[PDB]
């Protein structure tokens, strides 16, 4: 089906296609779908205008989807993606890095993410981002801040803030409001996750939009909700 302006869901995105959703001036999410344990899930990433170029946050979960992402960006926006950052080592964040690299996109991740991706047999971003190794650490990268809040969904997970727009992209460390479960916790630190979310809340108290790794964006309450969901689990 067609979203007709609504935030798109799995019912509007067949596996292999990508949609964009404008969040603010020069900020979009990208939404794709793919399969885990035989079920199809939506997944979000971010696109941020960087002058006459675009910065991509996270792949669209695989090679076919990521090629579709590049085509959708060219259709909708018409500016080149020149850099990408992956926010943790799982396939919904690095799967498609080989497609990006061949298309001339410089791919980046923390050294922790790169080592974990390598060990998992996943695709590996080309460049290492120093300065993100301890909880609370951050760096500026083009038009965004990259922040390591501590272990949560994974030990390496990063969040991304767009200061110009007060948009916080939480990746998989943040759940959508309808979420009832902590999701895939195989690599999570459930005991630390609420503390890590608290660090995000303290560091980005002026966030107006919070985008989860999967599902619908909302306001600041996605952070508290996530802590609640994880504590419950």
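Each form is matched to the other, and the largest set of C-alpha atoms that superpose within 1.5 Å is called the rigid core. Numbering follows the first chain given and starts at 1.
Choosing between 216-224 and 14-22, the greater Cα displacement from the shown form in 8 other deposited structures of this protein, fitted by the core, goes with 14-22.
Core superposition of the other structures onto this form places the C-alphas of 29-37 farther off in 8 other deposited structures of this protein than those of the other stretch among 29-37 and 46-54. For the pair 185-193 and 37-45, the record assigns the higher mean C-alpha temperature factor to 185-193.
Relative to one another, 90-98 and 129-137 have unequal mean CA B-factors, and 129-137 is the one with the higher figure. Within the listed group 222, 13, 20, 216, the record reports its top CA B-factor for 13.
The top Cα temperature factor in the record, among 146, 103, 162, 85, falls on 103. The entry lists a Cα temperature factor for residue 24 that places it in the highest third of the chain's modelled residues. In the PDB entry, residue 80 places in the middle third of its chain by CA B-factor. For residue 171, the recorded CA temperature factor ranks within the lowest third of the chain's modelled residues. Among all modelled residues in its chain, residue 67 ranks in the middle third by Cα B-factor.
Residue-level temperature factors show residue 177 in the middle third of its chain, judged at the C-alpha atom.
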